[PDB]
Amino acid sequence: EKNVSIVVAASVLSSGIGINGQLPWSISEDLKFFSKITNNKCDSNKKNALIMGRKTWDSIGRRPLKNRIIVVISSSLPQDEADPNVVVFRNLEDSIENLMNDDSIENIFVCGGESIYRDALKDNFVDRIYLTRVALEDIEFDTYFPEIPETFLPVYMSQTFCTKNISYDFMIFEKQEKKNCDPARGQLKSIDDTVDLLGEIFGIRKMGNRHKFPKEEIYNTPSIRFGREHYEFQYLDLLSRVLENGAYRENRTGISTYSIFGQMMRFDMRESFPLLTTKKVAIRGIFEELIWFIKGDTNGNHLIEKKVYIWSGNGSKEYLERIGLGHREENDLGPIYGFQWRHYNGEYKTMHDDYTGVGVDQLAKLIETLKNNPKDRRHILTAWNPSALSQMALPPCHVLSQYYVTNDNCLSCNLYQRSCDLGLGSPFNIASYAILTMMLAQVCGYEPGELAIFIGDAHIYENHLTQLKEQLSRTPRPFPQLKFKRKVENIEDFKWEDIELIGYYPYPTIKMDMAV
């Protein structure tokens, strides 16, 4: 029948595609994509046609595109014979007669101009859309990509890439007419039927039935079945798995959860920063807690003083009293994360004491082994100290991490987290250890690698159900970028002002109460 597909690069929030007759931006990988995509064909004796409005024709210098035939739509341009790789038409519908004839034309692409896009869509001429989402807002646009008609559904979203600090995506939308998101399903009737029957026979007894694929009403952007490349699906899909399989269970806080044991999440950090886009995340507070950790600081007031209250709850007199630490000052949390990082096995007295020299400095050693022996398999940082647990406001959650220097020269990080509050703590942990890995990488002379998080008790607190369903209804946007303004000499030296968060265009923040 001959496929007709739109190909465009529009800004993530406004769908801005042009300014004063030009592109709002310069991203070569995107042009390479345009070239590969429009050039891609089966028959060597055929060519693809690239339809475009006249202004776009002007915008590219009125020079032909190799191996392809350009079809310009113009009421004024003359139909001449000079170039046989460029041809003119008076309206879109007529040019569409690439279909009813030229058998030398394999595929058709609508290659843009807002005016051309809008018609092709209005008149139901396109089957597919290749959308390069560019994280560039707050800049002038005078040309837009129309809003994608509801008859289209996304089927692929690649990971975030980066060019000159600009984050971008690649999505594919397909028009689906007439008529499970599980990839290993709907593949072969006999396999699906057999597994289904085996499941009826055994019950909880078949491990698969303990790991049911999420029903679509809890599956984010469910139409994307085989192309969920964007690594934010790694967190959304874990949410879906616990919403689908979570056992309902009581716990120390009195606010029950839905709980599954033993999931994982991997995020790339070479091209982008894993800061969730489906909800606005408080990154300043994350950074402050991280730096607070690095300095082996356990004084909660230092956090509060900077208007960061994540540790207030577990620092209160009331709480400290409840767990048997009524002897502490307000906000003395005991030998937690920071202390175990800088002074492992050190004898904790109070937050006011000087501990320089005491305990084992894991962090310092980590940076030394990382520099001097990179391929060593012992780059570990731990916070689990059986002898210190009872003195901690809260036992270590992000419990152990290990660090792996690539042959590429990048720093990758693994973290086991015994207990993970998916709504409120996970987004934090992900970003936090993404930042730490980048800080470690800079002081050791490496580039950021990959981040993998392995979870024990992965749960959602029962008062976050409607909030996370809300979140799950939001399709993800390209991840932002995070850059350091200066190269520090000591990891303890980083400051908020040193952090540059580039291109973060999240959805509204979603309120969620933390369980004390």
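The numbering used is simple: start at 1 and walk along the sequence shown.
J.: Gap size between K179 and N180, counting deposited residues with no coordinates: none, 1 to 3, 4 to 9, or 10 or more?
T.: Gap size class: 1 to 3 residues without coordinates, per the record.
J.: Looking at the entry, does 154-162 or 298-306 show the higher mean C-alpha B-factor?
T.: Stretch with the greater average CA B-factor: 298-306.
J.: Read off the CA B-factors in the entry, average them over 443-451 and over 38-46, and name the higher stretch.
T.: Result of the comparison: 38-46.
J.: Looking at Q340, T221, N124, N429, which has the highest CA B-factor as recorded?
T.: Reading the PDB entry, the winner on C-alpha B-factor is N124.
J.: Specify which of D268, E106, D421, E137 carries the largest Cα B factor in the deposited PDB entry.
T.: Among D268, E106, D421, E137, the highest C-alpha B-factor in the entry belongs to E106.
J.: Sorting by Cα B-factor within the chain, modelled residues only, which third would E329 end up in: lowest, middle or highest?
T.: Lowest third.
J.: Among the chain's modelled residues, which third holds the C-alpha B-factor of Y144?
T.: Answer is middle: the recorded C-alpha B-factor places it there.
J.: Which third of the chain holds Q79 when residues are ordered by C-alpha B factor: lowest, middle or highest?
T.: According to the entry, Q79 has a C-alpha B-factor in the chain's highest third.
J.: Taking the entry's C-alpha B-factors for this chain, is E462 in the lowest, middle or highest third?
T.: Its C-alpha B-factor, which the entry lists for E462, ranks in the highest third among residues of this chain.
J.: Just say lowest, middle or highest third for the CA B-factor of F89 relative to the other modelled residues in its chain.
T.: CA B-factor rank for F89: highest third.
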